[PDB]
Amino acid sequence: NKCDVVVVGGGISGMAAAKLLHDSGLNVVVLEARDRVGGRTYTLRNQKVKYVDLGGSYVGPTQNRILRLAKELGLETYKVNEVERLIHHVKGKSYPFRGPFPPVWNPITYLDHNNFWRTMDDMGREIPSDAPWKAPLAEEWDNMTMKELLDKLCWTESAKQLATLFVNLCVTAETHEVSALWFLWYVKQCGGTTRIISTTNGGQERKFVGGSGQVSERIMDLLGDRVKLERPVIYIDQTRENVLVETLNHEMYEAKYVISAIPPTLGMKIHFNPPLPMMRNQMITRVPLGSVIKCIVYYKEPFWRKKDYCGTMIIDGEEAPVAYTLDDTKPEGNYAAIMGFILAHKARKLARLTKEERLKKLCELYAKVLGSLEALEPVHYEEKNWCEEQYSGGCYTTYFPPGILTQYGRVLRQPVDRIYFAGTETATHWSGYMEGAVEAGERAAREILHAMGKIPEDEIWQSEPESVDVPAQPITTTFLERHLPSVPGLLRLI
């Protein structure tokens, strides 16, 4: 089976790469392991839900590539509900609020919370988006976990508990599991603490009407039989004139170049001839993905709105199975629902239960947090545990344990002879997201066009015009936010 380029993986990144090469007139083939496209996106349809995203779902301002590609494919977005108040549930009680962060009243606690977010952003400003290993303190920050950084920075338990929730929600991993350098890079490359965590004007702003799975599905529609489902790649041989790619179902493909568009560690499922260079050989064993169950509970009405709650809950404490929720009701106001994530160690702990047992735990939690018996009467339930997936390895994305990013980070996007590397993990802006999958797929495709003499080197990386539909507003701070002292700062001054 001969072609110009074989793309390994039919997620957003693989599809985005294959579309760009196809549009330029090359013959492309996509080899997809699953019986479906979309990868870490997956939209389920049935009569009870109409459609529901069980994988990645949210898009927001500054994510211009995914918004442009989806629009071209005929998709529209709608705004996640944030009309009414958010809730922070702390020590068994609900506190309603508005804004990026829940209010803090104790003056010492206030200084400590303010300093924490401000310091994460100050640190990020020294970390290059395209080369975090070049931060002036790269080794110092990479050799400690986020747990150790929080222990140093947070003088109050209140700030440490909220910081921990923040880490667990952003990267589906425990603070002690991940490098401080890598985590600080991850926040900075999504535009900072406010942008990453916000609904209005942030990464949770919007969802696609009909589901995000439609991105990969609609590219597969364009490409037709160029997409081969149930073709897990098992072997890549670069010792001859053309590259040879073999699948598990005993097919052989021959191409001038390959794009690897799978999570980095899933490169281990492929046997290489000749062997990979030593730094990549070891890198792909050092880069796990996080752990999460995404759970959606359906109700007759969006009853929380009647109490002036929008459906967003930030829920602290070990006993709560879900630490974060958003309203998942359709833009038409029907199929009322709450989406929640079971994060990191809780995904491992609660996976032992039945689906019915998890539904009961969630409904009882939401009844307490929303202060409503209506939460105890679900009409339907859907969930997906991404820890189970052989061809994802987890969700949302790959995290770096201490020491790995500085030692192996340079390897991620370095070509290996005629194999180029896409996948959201290789992006420089919203890596981890659907936005990063588009950036990395289109960049890896343009590296091949450049290697073919079709475009100049300065066209490999390309800027994206801002979406007219989803424009970004500036992120601002107040004089007091910028200048109030930290807790040890107020002590040095006393």
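Superpose the two forms; the largest set of C-alphas matching within 1.5 Å is the rigid core. Residue numbers here begin at 1 and follow the sequence given.
Between 251-259 and 92-100, the larger mean CA deviation from the shown form in 9 other deposited structures of this protein, after core superposition, belongs to 92-100. Relative to one another, 462-470 and 66-74 have unequal mean CA B-factors, and 462-470 is the one with the higher figure. Comparing the deposited coordinates for 249-257 and 390-398, the stretch with the larger average C-alpha B-factor is 249-257. For the set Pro264, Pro100, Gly202, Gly311, the PDB entry assigns the largest Cα B-factor to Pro100. Highest CA B-factor among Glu157, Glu374, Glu364, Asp328, as stated in the entry: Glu157. In this PDB entry, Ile12 carries a Cα temperature factor that places it within the lowest third of its chain's modelled residues. Per the deposited record, the Cα B-factor of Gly333 falls in the highest third when ranked against the other modelled residues of its chain. Annotation for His88: CA B-factor lies in the middle third of the chain's modelled residues. Per the PDB record, residue ranking by Cα B-factor puts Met452 in the highest third of the chain. The PDB entry assigns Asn27 a C-alpha temperature factor belonging to the highest third of its chain's modelled residues.
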